[PDB]
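What follows is each chain in one-letter form.
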Amino acid sequence: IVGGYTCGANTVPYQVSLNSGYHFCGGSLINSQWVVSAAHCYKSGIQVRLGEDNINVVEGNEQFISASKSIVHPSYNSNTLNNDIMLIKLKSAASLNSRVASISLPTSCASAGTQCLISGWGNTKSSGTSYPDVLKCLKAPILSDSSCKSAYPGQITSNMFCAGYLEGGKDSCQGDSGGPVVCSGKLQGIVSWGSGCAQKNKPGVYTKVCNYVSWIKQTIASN
Ligand SMILES: O=C(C1CCN(c2ccncc2)CC1)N1CCN(S(=O)(=O)c2ccc3cc(Cl)ccc3c2)CC1
Ligand SMILES: [Ca+2]
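Residues numbered from 1 in each chain as written, not as in the entry; some residues may be left out. Chains lettered and ligands numbered in written order. Heavy atoms only, no water.

Observations concerning the domain arrangement of the protein
Consideration 1: According to the domain assignment, the protein consists of domain 1 (1–12 + 103–210) and domain 2 (13–102 + 211–223).
Consideration 2: In total, domain 1 and domain 2 occlude about 2900 Å² of area from one another, counting both sides; carbon and sulfur atoms represent 54% of this.
Consideration 3: Summed over the three residues of domain 1 that lose the most area to domain 2, namely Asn10, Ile103 and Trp121, the buried surface amounts to 26% of that side.
Consideration 4: If you look at where domain 1 meets domain 2, you find 0 salt bridges.
Consideration 5: Joining domain 1 to domain 2, the criterion identifies 21 residue pairs in polar contact.
Consideration 6: Elements represented by at least two residues in the side of domain 1 that touches domain 2 include exactly strand 8 (115–120), strand 11 (180–183), strand 12 (186–193) and strand 13 (204–208).
Consideration 7: Tallying contributions element by element places strand 12 first for the side of domain 1 that touches domain 2, with 5 residues.
Consideration 8: Grouping the constituent residues of the side of domain 1 that touches domain 2 by class yields 20 nonpolar, 15 polar and 3 charged. (Domains from an automatic or database assignment. Buried area = accessible area lost by both parts, 1.4 Å probe. Salt bridge = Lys/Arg side-chain N within 4 Å of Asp/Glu carboxyl O. Polar contact = N/O pair within 3.5 Å; in protein donor to acceptor, adjacent residues only side chain to side chain. Helix = DSSP H or I, 4+ residues; strand = E, 2+ residues; numbered from the N terminus. Nonpolar A, V, L, I, M, F, W, Y, C, P; charged D, E, K, R; others polar.)

Let's talk about the sheet that holds strand 7 (residues 86–90)
Neighbouring strands of a sheet are bound in pairs by backbone hydrogen bonds; such pairs are parallel or else antiparallel.
Consideration 1: Pairing within the closed barrel is antiparallel, and its 6 strands lie in the order 2-3-4-7-6-5. Sheet twist, expressed as the average angle between the axes of neighbouring strands with direction ignored, equals 40 degrees.
Consideration 2: Direction of pairing for strand 4 (residues 34–37) relative to strand 7: antiparallel, over a ladder of 4 bridges. Residue pairing in the sheet places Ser37 in a bridge with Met86 of strand 7. (Pairing = 2+ DSSP bridges. Axes fitted to C-alpha atoms, helices over the stretch in contact; angles between N-to-C directions.)

Notes on the UniProt feature "binding site: Ca(2+)" in the protein
Consideration 1: Sequence positions flagged by UniProt for "binding site: Ca(2+)" are, in local numbering, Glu52, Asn54, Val57 and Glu62. The annotated residues named above include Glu52 as those lining the largest pocket.
Consideration 2: Within the fold, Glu52 resides in the loop between strand 5 (47–50) and strand 6 (63–72).
Consideration 3: Here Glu52 falls in the buried class, since its relative accessible area comes to 5%. (UniProt positions renumbered as here; feature names shortened; annotations may be inferred. 1 Å grid on protein atoms, 1.4 Å probe; cavity = no way out; pocket = protein on both sides within 12 Å on 5 of 7 lines; lining within 4 Å. Buried < 20%, exposed > 50% of the residue type's maximum accessible area, 1.4 Å probe, protein only.)

Written out as structure tokens, the structure reads:
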């Protein structure tokens, strides 16, 4: 998270870490047994780490549950990063508490101007390489599709939305992918991509989760 701030221990309880030796992507806990992430973060043999603030130190509030099923969207395209959504089922149910809690799904899509919370343990430098130990947060407004399409000509699809600043400075970054973009307590987006980090006129693009609410619900029930 470039231009972010320390969230503060377990202030983002729904935030999970997709581990496979090292932290590679983020994610959200939508319910006791299901985690939502980005299809581009798909890896075989994932360990979902919950109750994490400082990823590098075992603060005892952690819960590490292996993934039993990984369900990537059928229409997902790696080239375009369209339909960059993936559902992961936990091997066992996460014990919900204060450090670990779920985030609700949206009933409607958000409007441009809506302030959202974007978080993760990803690169904080738009220039070099610097990764935090603790959880970083960033508040950014959902940009209008007019701005989004003008920022990325011929790249934005109806399943994507821009959030951040055309002045750059603040933006998600490498390693934040899969992470949550929560506006008003609803999971509205998933950290998908962007051209660089905090680049002027190049704000991060996120997966428009409200488009998949139906798919998600049917996927959750059947598996
Ligand atoms: O920073 C980036 C991208 C990463 C994706 N991206 C965004 C932008 C905004 N939001 C989400 C993702 C735009 C910048 N890259 C530099 C690093 N390369 S990399 O050599 O493939 C790479 C990949 C993973 C790494 C992990 C670590 Cl721990 C250190 C260096 C790494 C370097 C990929 C592009
Ligand atoms: Ca820890």
